[PDB]
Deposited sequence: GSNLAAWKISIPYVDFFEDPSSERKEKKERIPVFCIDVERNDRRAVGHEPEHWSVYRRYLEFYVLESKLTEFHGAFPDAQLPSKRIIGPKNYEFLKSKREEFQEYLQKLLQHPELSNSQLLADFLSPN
(Lines of atoms letter the chains of each structure in order from A and count residues from 1; the text may use other names and numbers.)
(Lines give C-alpha, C1' and ligand atoms only; values in the text may rest on other atoms or scores of the structure.)
Protein backbone atom coordinates (compact mmCIF):
# COMPACT_ATOMS: atom_id res chain seq x y z
CA UNK A 1 0.00 0.00 0.00
CA UNK A 2 1.07 3.53 -0.86
CA UNK A 3 -1.94 5.22 0.69
CA UNK A 4 -1.27 8.93 0.49
CA UNK A 5 -4.59 10.75 0.57
CA UNK A 6 -5.57 13.78 -1.48
CA UNK A 7 -8.07 16.54 -1.94
CA UNK A 8 -8.58 18.98 -4.78
CA UNK A 9 -9.59 21.93 -2.62
CA UNK A 10 -9.67 24.41 -5.48
CA UNK A 11 -8.79 25.25 -9.07
CA UNK A 12 -6.05 27.79 -9.80
CA UNK A 13 -3.73 29.42 -12.34
CA UNK A 14 -0.45 29.58 -14.10
CA UNK A 15 -1.55 33.04 -15.25
CA UNK A 16 -1.75 33.26 -19.05
CA UNK A 17 -3.64 28.75 -17.74
CA UNK A 18 -6.11 27.16 -15.23
CA UNK A 19 -5.22 24.02 -13.20
CA UNK A 20 -6.47 21.92 -10.31
CA UNK A 21 -4.47 22.34 -7.16
CA UNK A 22 -4.28 18.75 -5.96
CA UNK A 23 -3.56 18.69 -2.24
CA UNK A 24 -1.51 15.65 -1.30
CA UNK A 25 -1.13 14.21 2.20
CA UNK A 26 0.56 11.36 4.16
CA UNK A 27 3.22 13.74 8.63
CA UNK A 28 4.25 14.84 5.09
CA UNK A 29 2.10 17.25 3.05
CA UNK A 30 2.23 18.96 -0.34
CA UNK A 31 0.32 20.36 -3.31
CA UNK A 32 0.53 19.53 -7.00
CA UNK A 33 -1.00 21.51 -9.84
CA UNK A 34 -2.47 19.39 -12.55
CA UNK A 35 -4.35 20.50 -15.61
CA UNK A 36 -7.48 19.05 -17.17
CA UNK A 37 -5.72 17.20 -19.96
CA UNK A 38 -3.19 15.46 -17.73
CA UNK A 39 -5.93 13.49 -15.98
CA UNK A 40 -6.78 12.04 -19.34
CA UNK A 41 -3.26 11.02 -20.34
CA UNK A 42 -2.72 9.69 -16.85
CA UNK A 43 -5.86 7.68 -17.35
CA UNK A 44 -4.96 6.71 -20.91
CA UNK A 45 -1.66 5.59 -19.48
CA UNK A 46 -2.82 4.00 -16.24
CA UNK A 47 -5.71 1.98 -17.60
CA UNK A 48 -3.41 0.56 -20.25
CA UNK A 49 -1.18 -1.06 -17.65
CA UNK A 50 -3.47 -2.13 -14.87
CA UNK A 51 -5.69 -5.20 -14.95
CA UNK A 52 -9.24 -4.33 -15.96
CA UNK A 53 -10.16 -1.55 -13.54
CA UNK A 54 -13.38 0.52 -13.65
CA UNK A 55 -14.63 2.21 -10.47
CA UNK A 56 -12.92 5.48 -11.23
CA UNK A 57 -13.86 7.11 -14.50
CA UNK A 58 -13.29 10.49 -16.03
CA UNK A 59 -16.09 12.24 -17.90
CA UNK A 60 -15.32 12.54 -21.59
CA UNK A 61 -13.25 15.57 -22.53
CA UNK A 62 -15.41 18.36 -23.75
CA UNK A 63 -14.05 20.08 -26.85
CA UNK A 64 -16.72 22.78 -26.93
CA UNK A 65 -14.84 25.29 -24.89
CA UNK A 66 -14.63 27.67 -23.31
CA UNK A 67 -12.38 25.29 -21.41
CA UNK A 68 -12.30 28.02 -18.83
CA UNK A 69 -12.17 28.39 -15.09
CA UNK A 70 -15.81 27.82 -14.31
CA UNK A 71 -15.71 24.67 -16.41
CA UNK A 72 -12.99 23.40 -14.18
CA UNK A 73 -14.52 24.48 -10.91
CA UNK A 74 -17.47 22.42 -12.04
CA UNK A 75 -15.19 19.41 -12.45
CA UNK A 76 -13.23 19.71 -9.22
CA UNK A 77 -15.35 17.27 -7.26
CA UNK A 78 -15.42 14.38 -9.73
CA UNK A 79 -11.70 14.72 -10.31
CA UNK A 80 -11.19 14.71 -6.56
CA UNK A 81 -13.30 11.55 -6.42
CA UNK A 82 -11.50 9.96 -9.38
CA UNK A 83 -8.04 10.50 -7.93
CA UNK A 84 -9.19 9.50 -4.48
CA UNK A 85 -10.42 6.14 -5.77
CA UNK A 86 -7.32 5.31 -7.81
CA UNK A 87 -5.49 5.30 -4.48
CA UNK A 88 -7.83 2.82 -2.88
CA UNK A 89 -7.28 0.57 -5.83
CA UNK A 90 -5.06 -2.47 -5.50
CA UNK A 91 -2.57 -3.07 -8.36
CA UNK A 92 -2.19 0.69 -8.55
CA UNK A 93 -0.77 0.89 -5.02
CA UNK A 94 2.68 1.20 -6.55
CA UNK A 95 2.38 2.79 -9.99
CA UNK A 96 5.00 5.37 -10.82
CA UNK A 97 2.72 7.11 -13.29
CA UNK A 98 0.41 7.98 -10.44
CA UNK A 99 3.20 9.07 -8.14
CA UNK A 100 4.62 11.41 -10.74
CA UNK A 101 1.14 12.83 -11.18
CA UNK A 102 0.88 13.54 -7.49
CA UNK A 103 4.54 14.63 -7.36
CA UNK A 104 5.12 18.34 -6.41
CA UNK A 105 4.91 21.16 -9.04
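**Student:** Where the model has no C-alpha, note the corresponding stretch of the deposited sequence, numbering from 1.
**Tutor:** Missing CA coords at 1-3, 20-30, 41-49.
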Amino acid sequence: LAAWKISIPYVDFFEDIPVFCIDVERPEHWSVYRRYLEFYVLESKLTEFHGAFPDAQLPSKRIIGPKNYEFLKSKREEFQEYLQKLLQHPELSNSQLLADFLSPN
From here on, numbers count along this sequence of modelled residues.
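**Student:** Can you let me know which of the two, 59-67 or 29-37, has the higher average C-alpha B-factor in the entry?
**Tutor:** It is 59-67.
**Student:** Of 44-52 and 75-83, which one has the bigger average CA B-factor?
**Tutor:** Result of the comparison: 44-52.
**Student:** Compared with the other modelled residues in the chain, in which third is the CA B-factor of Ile17?
**Tutor:** Highest third, going by the recorded CA B-factors of the chain.
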